[PDB]
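The chain that follows stands alone, in the form solved without the named molecule, written as structure tokens.
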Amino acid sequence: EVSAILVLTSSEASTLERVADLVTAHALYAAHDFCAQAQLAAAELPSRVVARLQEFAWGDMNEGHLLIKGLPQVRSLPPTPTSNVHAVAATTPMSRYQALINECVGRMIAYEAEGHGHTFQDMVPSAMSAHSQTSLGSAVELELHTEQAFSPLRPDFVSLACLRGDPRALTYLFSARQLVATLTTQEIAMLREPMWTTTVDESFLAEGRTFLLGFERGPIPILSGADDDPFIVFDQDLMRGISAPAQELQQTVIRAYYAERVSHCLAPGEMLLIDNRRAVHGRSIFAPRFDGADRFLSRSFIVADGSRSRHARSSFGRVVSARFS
């Protein structure tokens, strides 16, 4: 279903593989040096690839996402971890290919409250949180959402590199432009009004953790920005309308999503960039085995402007402190 596709040629993938050798710093323990090295090395990538990523990063009339095919094959992948605490993806050659493409688009960032602030987070099924609304779920559909809908420091892009896929695990994508095309002028206007409260994601909460902005946030609008290139903040599960029409309108958005969403099954060697301002995403049910061969994605986050989170970070740090989310 996915429209915006970048297919790397054999020669382009070989250049990416060679350029990755310029990124030598430890992704977890020297995250800033690692990301700065990727940003500099990204200048050595094929110009056709860099041009595509820069136009996607600018954002104007982009499709809400970019699917990249043809990344070099990951040859000695360790078993899929049964939890996200290990940060296994951050060691692989794919993580350096992911950083190179990411740093073309913008600045990599991590959040202390999400996957322990790991530069790359392991997106693997959990047996305990199989029926939960998190990146580690599987038995239930991961409902429609903006990544960190509750946070003003939410990423500009979500980067997903596939290490192991699952044929039943579909990624759903739905743009703010697809939404607006199905709505009336009145519905678009109400969506632009501050009528919905949000709460902090389950994955962000912890014992003794206090957020400067609280647990409950808003009311905020769902839509914003230009009429022809709208921005979206949505959370199917956690948004609550402040009025009866606002609640009905949240259901209208969900219905438009089920009717118009595009799907894609992430496969090894593929990378998906989601524009977190222009598109919302979801994930179907799948049946993991927890045998070490399950679906395994490497997730990272990108921001255009590192100065917006400077108050929340340490000097030469890539991690936003939990209380600032």
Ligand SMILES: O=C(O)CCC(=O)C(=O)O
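The first residue of the shown sequence is 1; numbering continues from there. We call the rigid core whatever largest set of C-alpha positions still superposes within 1.5 Å between the two forms.
Chemist: On mean C-alpha B-factor from the PDB entry, just flag whether 314-322 or 1-9 is the higher one.
Modeler: Comparing averages over the C-alpha atoms only gives 1-9.
Chemist: Should the higher mean CA B-factor in the entry be assigned to 303-311 or to 13-21?
Modeler: Looking at the recorded C-alpha B-factors, 13-21 comes out higher on average.
Chemist: Taking the values straight from the PDB record, which of 158, 87, 123, 99 has the highest C-alpha temperature factor?
Modeler: Going by the entry's C-alpha B-factors, 87 comes out highest.
Chemist: Per the entry, which of 275, 44, 33, 55 tops the list for Cα B factor?
Modeler: The listed residue with the largest C-alpha B-factor is 44.
Chemist: Can you work out whether the C-alpha temperature factor of residue 287 puts it in the lowest, middle or highest third of the chain?
Modeler: It belongs to the middle third of the chain when residues are ordered by C-alpha B-factor.
Chemist: Relative to the other modelled residues of the same chain, rank the CA B-factor of residue 153 and answer lowest, middle or highest third.
Modeler: As the PDB entry reports it, the C-alpha B-factor of residue 153 lands in the lowest third of its chain.
Chemist: Which third of the chain holds residue 107 when residues are ordered by C-alpha B factor: lowest, middle or highest?
Modeler: Lowest third, going by the recorded CA B-factors of the chain.
Chemist: Just say lowest, middle or highest third for the CA B-factor of residue 193 relative to the other modelled residues in its chain.
Modeler: CA B-factor rank for residue 193: highest third.
Chemist: In terms of the chain's CA B-factor thirds, is residue 231 lowest, middle or highest?
Modeler: Middle third, going by the recorded CA B-factors of the chain.
The same protein also has a form solved in complex with the named molecule, omitted here; what follows describes it.
Chemist: Overlaying the pocket C-alphas and bringing the named molecule over as found in the entry with it bound, would you call this site open, or blocked by 3+ ligand atoms sitting within 2.4 Å of backbone or C-beta?
Modeler: Here the site is open.
Chemist: Exactly one residue in 156, 147, 122, 166 has a non-hydrogen atom within 4.5 Å of the named molecule in the entry with it bound; which is it?
Modeler: When the named molecule is considered in the entry with it bound, the option within 4.5 Å is 147.
Chemist: Check each of 249, 104, 142, 94 and return the one that places a heavy atom within 4.5 angstroms of the named molecule in the entry with it bound.
Modeler: Of the listed residues, the single hit is 142.
Chemist: Residue-level contact is defined here as any heavy atom of the residue lying within 4.5 Å of the named molecule in the entry with it bound; does residue 53 satisfy this criterion?
Modeler: Although the named molecule is absent here, residue 53 would stay clear of it in the entry with it bound, with no heavy atoms inside 4.5 Å.
Chemist: Quick one: does residue 299 come within 4.5 Å of the named molecule in the entry with it bound, counting heavy atoms only?
Modeler: Heavy-atom contact with the named molecule at 4.5 Å: present for residue 299.
Chemist: Using a 4.5 Å heavy atom cut-off, state whether residue 195 contacts the named molecule in the entry with it bound.
Modeler: Because no heavy atom of residue 195 falls inside 4.5 Å of the named molecule in the entry with it bound, the answer is no.
Chemist: Please determine whether residue 151 contacts the named molecule in the entry with it bound, using a 4.5 Å cut-off between heavy atoms.
Modeler: Flag for residue 151 set to no.
Chemist: Name the stretch, out of 26-34, 254-262, 279-287, 44-52, where some heavy atom lies within 4.5 Å of the named molecule in the entry with it bound.
Modeler: Result of the contact check: 279-287.
Chemist: Hey, after the core superposition between this form and the one not shown, which of 121, 80, 135, 92 has the C-alpha moving 2 angstroms or more?
Modeler: Result of the comparison: 135.
Chemist: Given a change of 3 Å or more, say if the Cα atoms of residue 139 and residue 136 sit closer or farther in the entry with it bound than in this form.
Modeler: Compared with the form shown here, the C-alpha atoms of residue 139 and residue 136 sit closer together in the entry with it bound, by 3 Å or more.
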